[PDB]
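> A structural model of the following input is requested.
(7 chains)
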Amino acid sequence: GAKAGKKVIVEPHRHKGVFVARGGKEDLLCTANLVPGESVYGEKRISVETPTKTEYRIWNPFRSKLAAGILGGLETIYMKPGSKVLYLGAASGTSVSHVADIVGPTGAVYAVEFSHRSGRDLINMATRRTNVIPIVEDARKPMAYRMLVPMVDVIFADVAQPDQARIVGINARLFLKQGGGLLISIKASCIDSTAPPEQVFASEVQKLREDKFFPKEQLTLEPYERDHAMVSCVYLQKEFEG
Amino acid sequence: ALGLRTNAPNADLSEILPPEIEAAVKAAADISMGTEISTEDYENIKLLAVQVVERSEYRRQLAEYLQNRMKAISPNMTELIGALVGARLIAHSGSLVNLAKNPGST
Amino acid sequence: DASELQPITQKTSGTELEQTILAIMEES
Amino acid sequence: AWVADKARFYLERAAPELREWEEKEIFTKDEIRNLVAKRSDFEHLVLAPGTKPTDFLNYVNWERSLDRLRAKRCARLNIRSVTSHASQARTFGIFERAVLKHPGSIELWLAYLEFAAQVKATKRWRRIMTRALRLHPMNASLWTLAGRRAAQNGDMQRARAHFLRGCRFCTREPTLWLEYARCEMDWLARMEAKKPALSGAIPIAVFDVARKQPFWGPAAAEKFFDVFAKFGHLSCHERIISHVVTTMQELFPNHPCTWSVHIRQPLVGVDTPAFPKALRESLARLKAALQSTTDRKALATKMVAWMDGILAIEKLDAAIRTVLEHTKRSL
Amino acid sequence: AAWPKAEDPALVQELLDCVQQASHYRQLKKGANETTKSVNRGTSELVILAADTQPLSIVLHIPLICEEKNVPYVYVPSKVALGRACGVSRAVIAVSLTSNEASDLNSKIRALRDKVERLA
Amino acid sequence: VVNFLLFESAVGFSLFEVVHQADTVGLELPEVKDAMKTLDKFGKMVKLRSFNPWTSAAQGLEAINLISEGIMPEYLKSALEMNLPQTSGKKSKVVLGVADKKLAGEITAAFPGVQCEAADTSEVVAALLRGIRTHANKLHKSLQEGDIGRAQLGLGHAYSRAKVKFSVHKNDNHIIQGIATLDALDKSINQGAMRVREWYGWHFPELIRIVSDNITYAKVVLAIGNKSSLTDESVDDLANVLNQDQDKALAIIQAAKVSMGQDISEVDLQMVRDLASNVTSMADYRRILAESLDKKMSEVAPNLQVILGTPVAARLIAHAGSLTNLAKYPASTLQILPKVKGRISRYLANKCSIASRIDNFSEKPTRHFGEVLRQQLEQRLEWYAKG
RNA sequence: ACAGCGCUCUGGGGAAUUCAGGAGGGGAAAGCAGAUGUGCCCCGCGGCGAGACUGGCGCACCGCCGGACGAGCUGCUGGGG
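Residues are numbered from 1 along each chain as shown, chains lettered A, B, ... in the order given. Let me share the structure:
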């Protein structure tokens, strides 16, 4: 396929911070690498010889639900370079590394994980990248890292818990600005393993509107993950920023 | 000269760089975030730093030798441009006579 | 009135220093 | 930025005192125009968005200097009706919104405390001190100012409470603990001059908790002994000094500081036949310390600093002068 | 180190019965490396690890990728019983039973992973 | 009705005194939400009253540990005793606002005259602390030493590393960067030794002809001085360099006697000997790196060290990136990193992955598992010898 | 080129510069909800508050609920000196 050594060109995608790398017989998605020359989880990276220190990392959509959503055609993702992002469910920091690279050096990414060994991997990734800070605590109890997390602009949620809506509800009630963007990744098989997927997504969107967001988009990222859906909402407003 | 960050408050660094910077580096040494490393590895780091400083001093005395040698060979080109670029020209031509066979545009 | 700092009692004594100072001021 | 409006309020407050100064013959109309123009420029700069405690301080200095010049002109023209009441009121207003706009500037806080203590507002001074301590807890200088002025007033309980809260907070540098011991022994001295306290056990208690406080070191104990050794004219002062030196012996057996306090221990109340006998005693202790197993370089640097103090004291013998010069030269 | 340890009362036996059913249905993967590859490819619907293996580091490394990819993983304390349930005639320590689009085994998987998500 | 409210932050905690509190009934209104959003309509609600920074990063770590566990710390109790008016709730109480309900309960059981309100249970104190946390960068800036980002960064690293116990068993970065240093200076040594070999054989070619082992070459050229100062067994050196009396020294002296290379200048000989000192210093540092790296390998991943051997095992570790990646890789990807060669290669890859996962997921690993695995490898070697 | 279609018309483009507006981003303590000089003592009212009382209830019996005195300290822009 996209063999190592093929020449591609790199154009900027519509979102602020993601690039699309097109070339030859395969077009793929990439983000600007923050630390050059050192891959995180063995991903392919693209080198550009500017007329060195600039390189891009190829984003695996089958492995990261956010990349799956952006190829699925989200209207927006709310995370411009420089915008603080609270990431819930930061298991081993792959997608978190990508989000930190999108946000860049002036912002921050607050990776909240829970399992200790995935926490060790996340500690390694945060020693490498200087704009992500790691927090190993149970996301159901935000009174633990209320001393660490300031008012972020985006909340990513990648937890599959039956209490997913309540988890994002309390974390947004404590750490999200007025009109605060969030993305949630909903897995129907874990939310209600008996129910059909469209009904599960409708139930979760209604639970979020009870928990005071306003849903603006919902897509079923079907050619990359079965029975998933990415739901984009805004906290306590209708527009995103102000 | 700086040991570990734990040895940074008792460090003497004014012989290598004047302060207004070598106090900011002590500030960063107190409020850094890097992991603690054993002295058993700091020995390796210190020996490597000795090695690279020895390489730099060898480069400096090599450049002094090269300036002396180009002055000895062709004082006209050295008084014109400098021993370094003269050495580059001698390198690209192969020999002093092979360079002298070249015209001005070359 | 949280205007000033009121002198300590045994009810509002936090550390061992304050406890011993009040012990000595009691035994005087 | 409605600063035109806010300045309009403050100048309309300042107007009637200027009407009083115009109906009196104290300032003439050209001077009053100069005054109102300077006050307008000052108030606009003060309420401007980008402001600085230096700007607030310069306006304070100008208003206070105007009060002083008005007092001089009033005493020159022999009037008594014009008071300083409005001037002090507006100065207090400037300082209040000054510490509102910049609460974290100990320069401005100290200037405000200086102004209160100057014009005689003691209750206001205690309130200002309480607010400034609540905003800057880790300020050993502020804690010492509170405790020392309370003890100067005579409120030993209040000076206590200030110092106890202070040493509960500021645990990193021992300066406040030295200051509390200093004030406590000054209270013992005031009682002895007036003539439990018969024991005088509170500095020993401060020492016993300072031993476990995380500043506790040899040099810290040395500072403690220094502030204990000042004003040795007391009753249990030898008891206190002996407890300090025994505690330092029990903790740091061979530290050069401990050897220094063993050197200067019997020189507590010396100034006279009692002086040279203790001098010879400490000289024997000093020679024993110099020949014993101790860090001789650090000990001798402490000793030559101590002898720099001794030679700074005058009215001594030429023979002991020459032998101290020799012993200092052999180091 | 195996904190999602399955308890004695019949949850372990429901797990073993489901494993045997999946082995007959050929919707099952045996072995440490095959579990690792199925989890990496993302076909794994659930994964069970033995807790009485010789040193636990193997069935400790499987939960790392398991937690990275968010699959339900449990520990059953008997590798010989795991082998006798898979029908191997040798001791397995890692079983990843995958998902199809149509069976009743999928319903049994849904009930079982609901129980183990309650366990975690 | 709220009076004071705590707020714990990374640099330290501060308590604000509310003036002109917000309306709790129309709390879900666009006007009050806009007032919470902007700064010029929230500073009228909140006025700063007391601040307390941490004394040291260890103290801030203690703060996070106690606070997240729910227990208040002693200096927080001290600061609240300083700021709150002393009372017991017999006739007049003080309403505080805090975030955690357990902290609220503990502060209530500490001071009887303070009724706390939790942000979990009361929406007004929820919205109030939410506004304060939003505008927190401006309210403290008058006394904020520096900024808040670096403090949050370092404090989060300290807290998470304390919970994980990370630096006790992370050393793979030292291993991989040592390997990269080792082969980098090995290549540099080879190139510099070739350089001085040609650069001195221009003066004396029989030394090139008769002495190999370019490190020993660099030693003997630092030793030899010029071509005119030769004696065989001068002082302490050639017998521990090589054979002395009857093998090579007379051969070198005879090659110098018959030698017809150009005479060299004094400064050129000085430069050559400086380069040779450089080469021998890097070679000595190489053997130092090899010894310390063998010891560190035995401390970190001993099973790989006894199965593969330290250089190739650390090459595999370096190419995977870390021990966690090495263990997460299956056997066949590790293979990517006749028939008997393929058979023993797949078998060796399996045993290598086993050693990797053991030595990574132990805390302080042991050696006998790798010894047992190497014994199995030798027994399979005898099994394939049976053929 | 013909034919057709669309926009636009003090024809149409580029540039300098003056004026009238609009939208978006960043920054800023960006903070006039009731603006009264300081100190003392007295009166009134309110707080802490050591200590001393006392009434009722108490079938898991272990404890609860309530009145009214109070040394000392202290608050007041409540009004008067």
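> Could you name the specific helix or strand carrying residue F:344?
helix F:340-361 (DSSP states H and E).
> should've said residue D:224
helix D:218-229.
> hmm, who's touching that helix?
D:174, D:177-178, D:181-182, D:185, D:203, D:207, D:210, D:237, D:240-241, D:244-245, D:247-248, D:251-252, D:255, D:257-258, D:260-261, D:264, D:267-268 (CB atoms under 8 Å, 6 or more residues apart in numbering or on different chains). Placement of C-beta: from N, CA and C, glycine included.
> hmm, what's the outermost residue in chain A?
Ranked by distance from the centre of chain A (CA atoms, centre = their mean), the top residue is residue A:51, with 32.5 Å.
> Please identify which helix or strand holds the most centrally placed residue in chain B.
Nearest to the geometric centre of chain B sits residue B:56, at 4.0 Å (CA atoms, centre = their mean). Here residue B:56, judged by DSSP H and E, is contained in helix B:39-73.
> and after that helix, which helix or strand comes next?
According to DSSP H and E, the helix or strand after helix B:39-73 is helix B:75-80.
> Could you name the helices and strands sitting against that next one?
In terms of contacts (3 or more CB pairs under 8 Å, 6 or more residues apart in numbering or on different chains; DSSP states H and E), helix B:75-80 is packed against helix B:39-73, helix B:83-93.
> Among the ones you listed, show me which one is buried the most.
Between the helices and strands packed on helix B:75-80, helix B:83-93 has the highest mean count of neighbours, a mean of 15, where neighbours are mean count of other CB atoms under 10 Å in any protein chain shown.
> next one: that helix to chain centre, how far?
Relative to its parent chain, helix B:83-93 has a centroid offset of 20 Å by CA atoms, centre = their mean, to the nearest Å.
> about what we covered before: packing partners for the helix holding residue F:344?
Judged by 3+ CB pairs under 8 Å, 6+ apart, helix F:340-361 is in contact with helix E:58-69, helix F:302-307, helix F:323-328, helix F:331-336, helix F:368-385.
> Tell me the buried residues in the last one?
Taking 16 or more other CB atoms under 10 Å in any protein chain shown as the neighbour-count basis, helix F:368-385 is seen to contain the buried residues F:369-370, F:373-374.
> follow-up on the earlier one: can you give me the distance of the residue nearest to the centre of chain B to residue F:180?
According to CB to CB, to the nearest Å, residue B:56 stands 20 Å off from residue F:180.
> How about the contacts made by residue 13?
Because you didn't say which chain, this covers chain A. Applying CB under 8 Å, 6+ apart, we find residue A:13 in contact with A:19-20, A:29, A:70.
> wrong one, I was asking about chain D
Taking CB under 8 Å, 6+ apart, one finds residue D:90 in contact with residue D:13.
> ok, the residue in chain C that chain A sits nearest to to residue D:29 distance?
Of all residues in chain C, residue C:14 sits closest to chain A, at 22.8 Å by CB to the nearest CB. Distance of residue C:14 to residue D:29, given as CB to CB: 62 Å.
> Likewise for residue F:161?
73 Å.
> Settle it for me: which of these two has more neighbours?
Per other CB atoms under 10 Å in any protein chain shown, whichever of residue F:161 and residue D:29 has more neighbours is residue F:161, with 22 against 8.
> Can you name the helix or strand that that one falls in?
Using DSSP H and E, the element containing residue F:161 is helix F:149-164.
> repeat for residue F:127
Here residue F:127 is assigned to helix F:123-134, by DSSP H and E.
> Could you identify the helix or strand that succeeds that helix?
Downstream of helix F:123-134, the first helix or strand assigned by DSSP H and E is helix F:136-139.
> packing partners for the helix holding residue B:56?
Under the contact definition 3+ CB pairs under 8 Å, 6+ apart, helix B:39-73 sits against helix B:75-80, helix B:83-93, helix F:172-201, helix F:266-300.
> Are the helix holding residue F:161 and chain B in contact anywhere?
Yes: using CB under 8 Å from any CB of the partner chain, helix F:149-164 reaches chain B at F:150, F:153-154, F:157-158, F:161.
> If you count neighbours, what's buried in that helix?
Judged by neighbour count using 16+ other CB under 10 Å, the buried positions of helix F:149-164 are F:149, F:151-161, F:163-164.
> which ones are touching the spatially most central residue of chain C?
Nearest residue to the geometric centre of chain C (CA atoms, centre = their mean): residue C:8, 3.2 Å. Applying CB under 8 Å, 6+ apart to residue C:8 gives the contacts C:18, C:22, D:160-161, D:164.
> Same question for residue F:374.
Taking CB under 8 Å, 6+ apart as the contact definition, residue F:374 lies against F:306-307.
> distance of it from chain A?
With distances taken as CB to the nearest CB, to the nearest Å, residue F:374 is found 28 Å from chain A.
> and residue F:225, what is it in contact with?
residue F:269.
> Phi, psi for it please.
phi 70, psi -120 (degrees, to the nearest 10).
> quick one: it from residue F:272, how far?
For residue F:225 relative to residue F:272 (CB to CB), the value is 10 Å.
> likewise residue D:113?
For residue D:113, the distance to residue F:272 - CB to CB - is 75 Å.
> for residue A:226, same thing?
Between residue A:226 and residue F:272 the distance is 71 Å, computed by CB to CB.
> Show me the residue sitting in the middle of chain A in space.
Residue closest to the average C-alpha location in chain A (CA atoms, centre = their mean): residue A:66, at 4.9 Å.
> On the three-state scheme, residue A:105 is what?
coil (DSSP: H, G, I helix; E, B strand; the rest coil).
> Go ahead and confirm it touches residue A:131.
Yes: using CB atoms under 8 Å, residue A:105 is in contact with residue A:131, at 5.8 Å.
> what about the lengthiest strand in chain A, near chain F?
Using DSSP state E, we find that the single longest strand of chain A is strand A:176-187. Yes: in terms of CB under 8 Å from any CB, part of strand A:176-187 sits within range of chain F, namely A:177-178.
> Check which helices and strands that strand sits against.
In terms of contacts (3+ CB pairs under 8 Å, 6+ apart), strand A:176-187 is packed against helix A:65-72, strand A:152-157, helix A:164-175, helix A:197-210, strand A:228-235, helix F:30-37.
> Determine the number of other residues adjacent to residue A:240.
17.
> List, one by one, the residues from the stretch 101-250 of chain F near RNA strand G.
Listed as neighbours of RNA strand G in the stretch 101-250 of chain F under the rule CB under 7 Å from any atom of the strand: F:113, F:138-139, F:141-142.
> So among the residues you listed, which ones count as buried?
Applying 16+ other CB under 10 Å to these, the neighbour count classes F:113, F:139, F:142 as buried.
> Can you tell me the element the closest residue to the first one other than its chain neighbours falls in?
Across the structure, with CB to CB, 6 or more residues apart in numbering or on different chains as the measure, the residue nearest residue F:113 apart from its sequence neighbours is residue F:87 (3.5 Å). Here residue F:87, judged by DSSP H and E, is contained in no helix and no strand.
> same check, this time on residue D:196
Assessed by DSSP H and E, residue D:196 sits outside every helix and strand.
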